[PDB]
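Novice: dropping in the first section of the assembly, placed as in the complex:
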Amino acid sequence: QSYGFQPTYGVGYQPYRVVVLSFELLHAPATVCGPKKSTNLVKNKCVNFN
């Protein structure tokens, strides 16, 4: 069946556009990440890292 979205349908019956994202982990190395300055490395320093 078709929704037949009309302006009259009003705030209750309005048509929304939806997008949904799924995130999975551990099964492979990371490939895509948000903007986060990448830094260099340090050895034998007891650092907290990402």
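Specialist: Perfect, I can see it now. Numbering: from 1, shown residues only, chains lettered A, B, ... in the order given.

Novice: so residue A:10, which state does it fall into?
Specialist: Three-state call for residue A:10 (DSSP: H, G, I helix; E, B strand; the rest coil): helix.

Novice: and residue A:10, how many neighbours does it have?
Specialist: Residue A:10 has 8 neighbours, counted by other C-beta atoms under 10 Å. Any C-beta I mention is one placed from the backbone N, CA and C, and that applies to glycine too.

Novice: with residue A:49 instead?
Specialist: Number of residues near residue A:49 (other C-beta under 10 Å) recorded here: 7.

Novice: need the contact list for it.
Specialist: By C-beta atoms under 8 Å, 6 or more residues apart in numbering, no residues touch residue A:49.

Novice: further, place chain B onto the existing structure:
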Amino acid sequence: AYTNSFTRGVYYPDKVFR
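Specialist: Putting chain B together with the chains above:
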């Protein structure tokens, strides 16, 4: 024809090192 696959087909299930 058929044959016994003795122990073939084992593969590294994950990308982790142990």
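
Novice: now the residue of chain A found nearest chain B, nearest residue through space, not along the chain?
Specialist: Chain A approaches chain B most closely through residue A:28 (5.9 Å), counting by C-beta to the nearest C-beta. The shortest distance from residue A:28 to any non-neighbouring residue, by C-beta to C-beta, 6 or more residues apart in numbering or on different chains, is to residue B:15 (5.9 Å).

Novice: the one you found: what's it in contact with?
Specialist: A:27-29 (C-beta atoms under 8 Å, 6 or more residues apart in numbering or on different chains).
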